[PDB]
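# Test case, fold it:
(4 chains, ligands or ions: 4)
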Amino acid sequence: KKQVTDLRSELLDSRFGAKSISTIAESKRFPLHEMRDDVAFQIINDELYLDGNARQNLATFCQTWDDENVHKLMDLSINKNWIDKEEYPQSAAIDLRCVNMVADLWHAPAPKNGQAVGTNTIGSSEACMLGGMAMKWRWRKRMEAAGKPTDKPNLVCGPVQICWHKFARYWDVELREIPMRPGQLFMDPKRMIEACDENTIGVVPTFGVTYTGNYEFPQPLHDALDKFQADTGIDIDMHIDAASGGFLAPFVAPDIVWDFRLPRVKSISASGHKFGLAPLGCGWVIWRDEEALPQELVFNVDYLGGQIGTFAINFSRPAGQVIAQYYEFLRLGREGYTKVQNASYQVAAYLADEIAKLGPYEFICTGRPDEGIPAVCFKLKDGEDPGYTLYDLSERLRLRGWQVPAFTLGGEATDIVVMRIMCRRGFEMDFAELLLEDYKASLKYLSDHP
Amino acid sequence: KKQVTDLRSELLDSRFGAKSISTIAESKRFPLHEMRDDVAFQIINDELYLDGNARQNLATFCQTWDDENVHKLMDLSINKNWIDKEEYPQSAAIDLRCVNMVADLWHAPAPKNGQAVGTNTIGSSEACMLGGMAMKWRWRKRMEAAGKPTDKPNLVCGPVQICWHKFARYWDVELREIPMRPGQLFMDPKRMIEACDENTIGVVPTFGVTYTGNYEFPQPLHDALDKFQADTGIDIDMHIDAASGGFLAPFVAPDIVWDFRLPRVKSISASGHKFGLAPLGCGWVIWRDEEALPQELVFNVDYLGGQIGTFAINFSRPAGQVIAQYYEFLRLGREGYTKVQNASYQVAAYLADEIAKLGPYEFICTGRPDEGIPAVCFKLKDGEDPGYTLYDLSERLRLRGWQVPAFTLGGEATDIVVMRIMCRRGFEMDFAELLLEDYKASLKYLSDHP
Amino acid sequence: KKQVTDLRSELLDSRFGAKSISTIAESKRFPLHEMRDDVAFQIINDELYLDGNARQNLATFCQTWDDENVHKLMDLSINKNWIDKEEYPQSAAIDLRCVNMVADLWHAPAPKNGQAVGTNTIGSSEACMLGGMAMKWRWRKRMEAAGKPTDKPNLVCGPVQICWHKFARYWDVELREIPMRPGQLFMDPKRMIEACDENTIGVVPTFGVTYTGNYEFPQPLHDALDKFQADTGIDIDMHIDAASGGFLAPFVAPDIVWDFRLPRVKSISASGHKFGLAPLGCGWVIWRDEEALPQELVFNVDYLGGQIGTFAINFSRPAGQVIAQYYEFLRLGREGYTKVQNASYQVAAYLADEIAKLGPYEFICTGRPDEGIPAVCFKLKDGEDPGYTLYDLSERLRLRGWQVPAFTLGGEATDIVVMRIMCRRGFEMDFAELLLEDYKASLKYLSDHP
Amino acid sequence: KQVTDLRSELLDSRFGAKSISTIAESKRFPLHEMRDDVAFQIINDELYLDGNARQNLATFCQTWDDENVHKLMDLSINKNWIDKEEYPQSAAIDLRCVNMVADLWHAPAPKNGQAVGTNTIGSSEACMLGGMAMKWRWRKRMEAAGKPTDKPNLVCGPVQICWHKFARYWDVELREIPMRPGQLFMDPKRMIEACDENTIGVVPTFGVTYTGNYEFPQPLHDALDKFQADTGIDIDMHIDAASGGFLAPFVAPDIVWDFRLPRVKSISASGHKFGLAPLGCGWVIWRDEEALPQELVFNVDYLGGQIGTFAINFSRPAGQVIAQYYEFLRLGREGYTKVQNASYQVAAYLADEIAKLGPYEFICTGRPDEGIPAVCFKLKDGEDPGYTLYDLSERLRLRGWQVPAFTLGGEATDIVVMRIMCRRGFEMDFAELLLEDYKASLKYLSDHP
Ligand SMILES: *Cc1c(COP(=O)(O)O)cnc(C)c1O
Ligand SMILES: *Cc1c(COP(=O)(O)O)cnc(C)c1O
Ligand SMILES: *Cc1c(COP(=O)(O)O)cnc(C)c1O
Ligand SMILES: *Cc1c(COP(=O)(O)O)cnc(C)c1O
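Numbering: from 1, shown residues only, chains lettered A, B, ... in the order given. Ligands and ions are numbered 1, 2, ... in the order given. Sharing the structure here:
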């Protein structure tokens, strides 16, 4: 009799009065029985409230808002496999159009066969790894042509994102990172060259440093590499990590020469899901030409009577993000992207100007299109003590749901603590003004409770 | 006033009467201006009709259907970044629970500290690469402990999926793939041993061969490695590529000893988005214990007052797939997965039995849970010419929307042409009956057209 | 021409690239012009993120979750006017049914004419004011019957909610609120009698004290009032403020005699939107019989050829909440309400037990259905200093989005600080465990920072 | 049998189910839980017995809301208006509205940047708040003069029922000037005749419900000025602008009815009437801090500070105020003017067309300078077209229209009038359908006794 009465309750009980929702969710072993689908969904939906409100997460560089058409395109493509070119041929075609468009945006030389050399990825990490492998292979071929050993490769870079550290570790390459230091939180030409030698597989400038938000300019570095070859005969290539800058500079600062306009730039990577406005799960890596991508790294697959070259670390994955990316390209175009990015810079500039009035801060990034990305980065003026640290301010802001990271820089600037505010699409002026209000209140509090 | 007149039309024109929809979509350069969002969506939505219907794609192993709750969870998580453990802490916690559940499902030794060693990935490709890197590292340590050189590593395997070829290429490991041959379309104990030597970083049995759908049983191979170490002193580990098998056997054939129950198995990988029932973009790799995973490959990140180890190639990416995976685990449990997988095997078995009476066929896979995955694989009997090849049949079926692949096997069986039908969730008996009807019709046509 | 180009942009610009979203929302003067409706919605939608997550708000007693059918009924009733009985006659009829059901739930004498004496209200506040006006009127009639003056009315009560202070102020009644004091945080029989006199219009027990979560039991007070009349000839009525308790005890503690089973109780009020499970905007007040409600306070209106009595402060208002309330009565019934409330009590008891293990606490409320509502209320043991105050704990929990109030009691217990956690529908066990985890984490932090 | 019935409970269709084979409970709390789809279906269905809101021409309240308001309301279904610290932005948004409405009514610019006023569930609560403040200011005046305060009275014209309730609930003698032939409102002469030192204030109705016409505060204000000059008695006003408050500012700005008038200490209006907000939104604004007795305000902590609160209700939905703010930003003066102009155009059209159909005498014809967008008429005195307006109202109801016909009060109880309200959502084309049914109804009433 109990079984039937229990089952009756299973059918009729409300979501929160149900027996199945009276226990803590499994966290150690694979569940034994099936359960009400509404209760399973409810529990998980509710647990996710413990994640931070994405729109208030001012620490991330990734998109936290997508328009309705992208939501639809994503749902519609939830089961389209990006890797199966023959099974989802139009998704594949759309992908190839994006490759052309991004290559064009970065001034890659026009492809004679009508198709640029490059590929979509899950993000900049995979894109960078692909660029790094190609870089390492081109170096090997150069050394082999010279009759020199290829067992001690190194890579020269500045304050790179962690993915390059993983590349170095995973592909056994010695990472030679020029450390940040007071006065120059980036890789300068002089220190770059001092780290270069015949075993350097390449140099990686970060066109939009994550820690500060400022651009490392490839041109001055390119000049130094030209002189290095003239003096030593050593020819070093560049791969630009433009995770953020790749989808900013072309629109608001087109005259900064950082891309394929520079001879030594053999490849560039960027995150479509950062300022490229695509939903999480989209990255891009373009090569200046076929010569820049070693064929031994490319796996060809049948496609519409012919073949297409593939270079990826991942295999199966959703094609929704690239479809969404194409949508943004067509819907916004240069005009639309410029308007959206200009909106972010205006917000960044506004906040930097207003926050400067509230305390003894020294700004590292103030939302200037010509210097970096739409971000605000600052620190307390040396020797100044307003009665609080940027860590305390970060915490107070969190009480209102905002995630504004405060952290120490690296290298020779480990004693410097900075606060960074990322101004992405969806962080409109009105919304940013609310942050400003909370910022003033927080300081107000820290003042009444020193 | 033509500018005012064009604008009026731009505002009032219907979807297909609009001037902006009168041209072919851009495919070579980045668009210059923005356009109506409905038109951009319509064009792309319509182009996607050229992709094959996913529900009729019987070539793929990946999920082509997800329940409504998964669609909701995915939409809700479109902007949750899997990599930001501190910003989306509960998404991170849910992921850690799945790691424990998958490890438990595969009989991994119980975690003393309550947390299994493993990670979520975009798919089995990344999971296999993580497993391979760890294998390579353990091998180098083993060689180094005996003062031996580590410049000639090789990996022994059978008819593996392409990701293993990419692993060998990207990490400079010699792939010793034992080829399929008549009467033996798998890596057998004897040939495996012939291929193994002091430079073998490990053996990778494929617990669910893509080309045939059959399991390569680790147990017999394991006994062979034990004897190998006894005779030569060479101790070789195994990594199971259970992309499909990992979420099948545990439910429908629990007595098959293929997992951590086997001492030499140091890691196992599988695709959540294949038989794990997760939406595209979910993979898993678990290690036996801490000793199985070299700490040098792990990058720790801050997490709730402590630190969490991370081992991944990708960085930013959506957390929706793992959240959906946890939902399936809780909603279905062993009971639910058993019922779902059983339905797939029932369909495969049905098709195999029905197709067998329509022609002179020899089956390689008939949907037997004790032999492999829910698939049907067959070829024309040796020396039989029914007046058509399986290529013709595959083509006829495509006229009704079905994608049923016909292909030649590799290795020393390149003369053999086989047809494979994958029976996934969402390919119910009634739907399969329709395929059967189209099969009978196709054969009649081929008959009336020798 | 500039106007044409501006118009083109107003039409084609994306949500965040639009000019109209580049400024701060008006807050001082009525706007002059119209603007894109999507921008207006976006700005407001985004500002609301600054409100606390209702599901994590553990301070409120009101519903923070409604099932899909309620969301539908509310949307369908958004334009139905509760006050227009003749224009929306069935909404009116449904409302009258709820009056009957609530009256019956509280053991009101069965209405001979089939319709209980009572009315729906926006909340307990209006309900309490209606009950208060009626009490005042009956008192005046009693005094007048003996030829005595009615210029000095007073109301006797314990730690009441603010609405009674407002009633006293708005209707010129001296509020004799018996203060909380160490050992008895409630109105006890002895002090109640001390405060009562010929000028007392009635006694108001709070069946579910907001500050502690405990019930003030009407029966012992009723016994005292009986003896009081016997000793002094002064006959005093009771009005039970059962804002919370009215939809709890009837289901989980039917043996508690607090309602119309007690002769002196002439009216009872409760919040439908608290434990009554109705969405915000629903309250109830029921009178014992016609004699308990002075007709001079009732305004009759035409209804279906007859007349219905109305007693309300508000006039026009949505009928969705009462329609939703009826749906909950029908869908859940006594069985459903019992299970939902049982779930809340289960959660309160769990947290009480677990939190007790974390520090030197003295509990005031532990979620016992025989003592009060599903709440947890505690203070630090007298003389114990764990290194932090409950205010500190409340603040740290807020860093995770939780709103757990810490406050000082009133009256003679102003030096006592307590923390109160409300366990409502939608605060399931699994969700509560997450809170407990943050509680443990918050304590560890407070210890690591003496 | 247990298992048998359970199987049916799981598989039965909505209408084949056992639980829907009986009449819904109406006497006692149901005992058992039941299928949620059946419970919903039953209620959804009996609600069809309510009149179609879009065809309800008797109500002044909104019967249509745009998609964004529907969304905002669903999103705010659980946001508690009263918990200022818990839903701080909802509260902030509310305060912006207070400023905007105060500005709309020419309230003196607040030096501290925040107007004195509050959102309410409707005009009823707003009027009661204004009434209490009015009563308290009067008490303070009498106490200063050293006179008794036990006999307060309130002077008004044909007020809505809420003022009768205020009078009863707060023990104030209501001195209502009755309507009479040719004067369906409170005129200056009769107002003054009812005023004395016990009058707590005067309440002009800027948009009389029964007729749709405005009672103009200016001439009444002039009479009160003269009254003080003559007697020394200083009487203030509270304008009940339930309807007019969100009409005149947009279509007839030159009418001086608001804070431009010195004696107007407070004004109330229904956001859910012509303010275009969904049901459950009212407003009351005071001209300054001095007009609102502090003894009536309960301060609550708010963002490190305190905010004064004056309300009868406590917990309630914040959706309506959020929706109200959306309309303010989305429409602005331009938008409201366009929306209100549309209603007046429809009211004027119907008045003109209905005039051609019978011997009617119009009381209201949708003129922006005279009142709200309504049509009100009666049969010419001594004229008998063979039917009453009651019969006409009934026949229109056969098509789903609710067009009320009723008798006026006071000295005009023998007068029967019909009133048509033209709100947002009663577009020209829709109104033309009503006109077609009106013509048909008359034609029918003609071929019959
Ligand atoms: C499909 C498959 C893979 C690749 O897994 P993804 O999820 O597509 O990256 C690897 N191994 C085997 C045996 C497979 O079937
Ligand atoms: C964010 C970032 C990355 C990693 O890109 P993903 O899209 O997260 O994989 C790499 N480099 C830089 C400079 C970045 O900012
Ligand atoms: C919450 C509460 C009230 C006020 O009820 P509302 O529904 O918010 O108006 C009154 N009394 C008690 C005891 C309460 O808890
Ligand atoms: C409708 C009305 C009221 C009552 O306002 P509610 O919003 O329904 O509470 C008061 N006065 C007048 C003049 C009205 O028209």
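
# Could you measure from the residue in the stretch 151-300 of chain A positioned nearest to ligand 4 over to ligand 2?
Distances between the stretch 151-300 of chain A and ligand 4 by C-beta to the nearest ligand atom are smallest at residue A:279, namely 44.9 Å. In short, each C-beta sits where N, CA and C put it, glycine included. When distance is defined by C-beta to the nearest ligand atom, to the nearest Å, residue A:279 is 12 Å away from ligand 2.

# burial count for that residue?
Using other C-beta atoms under 10 Å in any protein chain shown as the criterion, residue A:279 is surrounded by 26 other residues.

# wait, it sits on residue B:81?
No - taking contacts as C-beta atoms under 8 Å, residue A:279 lies outside contact range of residue B:81: 10.9 Å.

# what's the overlap in contacts for these two?
Taking C-beta atoms under 8 Å, 6 or more residues apart in numbering or on different chains as the contact rule, the neighbours common to residue A:279 and residue B:81 are residue B:318.

# hmm, back to that, give me every residue that touches the residue of the stretch 151-300 of chain A closest to ligand 4.
A:63, A:66, A:70, A:74, A:273, A:320-321, A:324, B:78-79, B:318.

# Can you tell me which of those end up in strands?
Counting by DSSP state E, no part of those is found in strands.

# Restricted to helices, list those residues.
Among those, the residues falling in helices (DSSP state H) are A:70, A:74, A:320-321, A:324.

# Compare these and tell me which is most surrounded.
residue A:321 (31 neighbours).

# how about the closest residue to chain D within chain A, what does it touch?
Nearest residue of chain A to chain D, counting by C-beta to the nearest C-beta: residue A:12, 4.5 Å away. Counting by C-beta under 8 Å, 6+ apart, residue A:12 makes contact with C:336, D:9, D:32-35.

# before we move on, the earlier item: out of the contacts of residue A:279, who's nearest ligand 3?
Nearest to ligand 3 among those, with distances taken as C-beta to the nearest ligand atom, is residue B:79, at 35.4 Å.

# Thought residue A:70 was touching the closest one, still the case?
No - Residue B:79 is beyond contact range of residue A:70, at 10.8 Å (criterion: C-beta under 8 Å).

# which residues sit in contact with the residue of the stretch 1-150 of chain A found nearest ligand 1?
Closest approach between the stretch 1-150 of chain A and ligand 1, counting by C-beta to the nearest ligand atom: residue A:83, at 6.5 Å. With contact taken as C-beta under 8 Å, 6+ apart, residue A:83 is in contact with A:310, A:312, A:314-317.

# most surrounded residue in those residues?
residue A:317 (30 neighbours).

# What backbone torsions are found at it?
For residue A:317, the backbone dihedrals (degrees, to the nearest 10) come out as phi -170, psi 160.

# so who does residue A:196 touch?
Residue A:196 sits in contact with A:156, A:203, A:225, A:228, A:234, A:236, where contact means C-beta under 8 Å, 6+ apart.

# Pull up the gap between residue A:120 and ligand 2, please.
Distance from residue A:120 to ligand 2, by C-beta to the nearest ligand atom: 12 Å.

# That should have said residue A:232, apologies.
29 Å.

# Sheet-wise, list the partners of the one helix or strand residue A:266 maps to with their directions.
Take DSSP states H and E as the rule and residue A:266 turns out to sit in strand A:265-271. In the sheet, strand A:265-271 lines up against strand A:238-241 (parallel), strand A:283-287 (antiparallel) (DSSP bridges).

# Dump it to CSV, keeping only the CA atoms.
Presented in CSV, the C-alpha positions along strand A:265-271 are these (Å, rounded to 0.1, in the frame of the first residue of the first chain):
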residue,chain,number,x,y,z
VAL,A,265,53.3,39.1,-38.1
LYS,A,266,52.7,35.6,-39.4
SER,A,267,49.5,34.9,-37.3
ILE,A,268,47.1,36.7,-35.0
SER,A,269,44.5,35.3,-32.6
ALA,A,270,41.5,37.0,-30.9
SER,A,271,38.5,36.0,-28.8
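
# mind checking the end-to-end distance for stretch A:420-439?
13 Å (C-alpha to C-alpha, to the nearest Å).

# ok, back up a step: output the strands paired with strand A:265-271 as TSV; include the columns distance to ligand 1 and mean neighbour count.
Listed next are the strands paired with strand A:265-271 as TSV, based on distance: least, C-beta to the nearest ligand atom, whole Å; neighbours: other C-beta atoms under 10 Å in any protein chain shown:
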stretch	distance to ligand 1	mean neighbour count
strand A:238-241	25	28
strand A:283-287	17	29
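
# how many neighbours does residue A:207 have?
Residue A:207, neighbours per other C-beta under 10 Å, totals 27.

# Tell me what it is bridged to.
Bridge pairing for residue A:207 - DSSP bridges - gives residue A:215.

# Please verify my assumption that residue A:161 contacts residue A:242.
No - here residue A:161 does not reach residue A:242: they are 11.5 Å apart, not a contact under C-beta under 8 Å.

# overlap between the contacts of residue A:279 and the residues near ligand 4?
The subset of those within reach of ligand 4, by C-beta under 6 Å from any ligand atom, is empty.

# quick check, nearest of the residues you listed to ligand 4?
residue A:66 (40.2 Å).

# Next, the closest residue to the closest one other than its chain neighbours: secondary structure please.
Nearest non-adjacent residue to residue A:66, counting by C-beta to C-beta, 6 or more residues apart in numbering or on different chains: residue A:279, 5.2 Å away. In three-state terms, and counting by DSSP: H, G, I helix; E, B strand; the rest coil, residue A:279 is coil.

# Give me the domain ranges for chain A.
A:1-63, A:64-357, A:358-450 (curated CATH domains).

# hmm, what's the outermost residue in chain A?
Centroid-distance maximum for chain A: residue A:1 at 59.2 Å, with C-alpha atoms, centre = their mean.

# For residue A:234, grab phi and psi.
phi -90, psi 120.

# Hmm, it is touching residue A:201, no?
No - with contact defined as C-beta under 8 Å, residue A:234 does not reach residue A:201; the gap is 11.6 Å.

# Stretch A:427-440 vs chain C: in contact?
Yes - residues of stretch A:427-440 contacting chain C under C-beta under 8 Å from any C-beta of the partner chain: A:428-431, A:433-434.

# Highest neighbour count among those?
Busiest of those [other C-beta under 10 Å] is residue A:428, holding 26 neighbours.

# OK, contacts around it?
A:343, A:347, C:16, C:21-22, C:42-43, C:46.

# And the furthest pair within the contacts of residue A:12?
Taking C-beta to C-beta, the two most distant members of these are C:336 and D:9; they sit 14.7 Å apart.

# quick one: residue A:164 is in a helix?
Yes - according to three-state DSSP, residue A:164 belongs to a helix.

# Spit out the contact partners of it.
A:128, A:132, A:155, A:157, A:175, A:204, A:241.

# Check residue A:167 too.
Residue A:167 neighbours (C-beta under 8 Å, 6+ apart): A:128-129, A:132, A:155, A:173.

# Which ChimeraX command selects the buried ones in the residues you listed?
ChimeraX command restricting the contacts of residue A:167 to the buried ones, with burial defined by 16 or more other C-beta atoms under 10 Å in any protein chain shown:
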select /A:128,129,132,155,173
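
# what's residue A:67 in contact with, if anything?
Per C-beta under 8 Å, 6+ apart, neighbours of residue A:67: B:37, C:14-15.

# Return the backbone torsion pair for it.
phi -70, psi 170.

# I'd say residue A:421 and residue A:374 touch.
No - in this structure, residue A:421 is not within contact of residue A:374 by C-beta under 8 Å, at 9.5 Å.
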